[PDB]
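Quick heads-up: it's one chain on its own, the form deposited in one PDB entry, in structure tokens.
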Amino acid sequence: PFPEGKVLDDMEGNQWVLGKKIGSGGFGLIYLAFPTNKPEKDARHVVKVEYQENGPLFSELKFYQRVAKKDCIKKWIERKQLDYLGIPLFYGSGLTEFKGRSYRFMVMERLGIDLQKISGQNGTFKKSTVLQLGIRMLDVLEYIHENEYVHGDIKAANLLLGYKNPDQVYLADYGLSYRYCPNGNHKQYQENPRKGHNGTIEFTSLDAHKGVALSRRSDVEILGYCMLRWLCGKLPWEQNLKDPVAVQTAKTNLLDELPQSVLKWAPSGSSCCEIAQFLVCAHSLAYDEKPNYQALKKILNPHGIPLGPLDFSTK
């Protein structure tokens, strides 16, 4: 349906030539892509194409149009004095056709390998890497939250290294993202069972379990379960993933028994001291409360050591 050599036209008039299909990402097929004007030998762009009616690409497109502006991001980076922000570049979008049916596509920045492929036994990472990933994610979280959105699906499969830079990590899918504060108006707290248990069950927030519209605290919470999983190689609810209520109950039990619940869970020699503190910080937020990003980062980097290379020596 999208053979190598297919020419796609974006809304800005630019043309893109499809290369090899490198996989599926989110609710899309991912292809290497080249501009028709001065292409490099090695692709620096991808085309994300929908393969189904409706889908979350429209929602993801709107997220990029609203918060992922090159200009705005660079200005943010300048003001916050960051080396980089783990959000891929958006290049354009449009429609492509196959057998009289239209499909939405987006042209995105080509990234490197996803974190699931370079993990140690049962999807683990070195303690130092785990903490740096959290910090990078918090920076991304701070930016999108300031721009009225919450992610709702942070997991190793959604984290990829930079194409040219292996010491940079990117959160690469925003299909489940949500506008929690449209025009500066935070959503009210309201539970809804019929809209409950969304997201990746292993990592989804308790708010998600209860059918509550996602807010900033849910994002921080997910990041916390993520880090515990990356450092320990399992979660107390690993054998209960097919029962969402059992997972919710186990998450409530973990948070209610903090910090000893997390402090005992860790494997010997690699403490969950920072992560327990992080979770304590994360679980103390009110529903509409802005997270203390700076305080969370200091919990993950208590000695203020500069962020260096990402160590993936257990792969």
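Heads up, when I say rigid core I mean the largest set of C-alphas that superpose within 1.5 Å between the two forms. Numbering starts at 1 and follows the sequence shown. Only residues modelled in both forms are compared.
There is another form of the same protein, the form deposited in another entry; it is not shown, and what comes next is about it.
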Using a rigid core superposition, assess whether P259 undergoes a CA shift of 2 Å or more between the shown form and the other one. no
Using the core for the fit, does the CA position of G25 change by 2 Å or more between the shown form and the other one? yes
Which residue stretches between the shown form and the other one come out as moving, taking only runs of at least three where every Cα shifts by 2 Å or more after core superposition? 25-27, 38-42
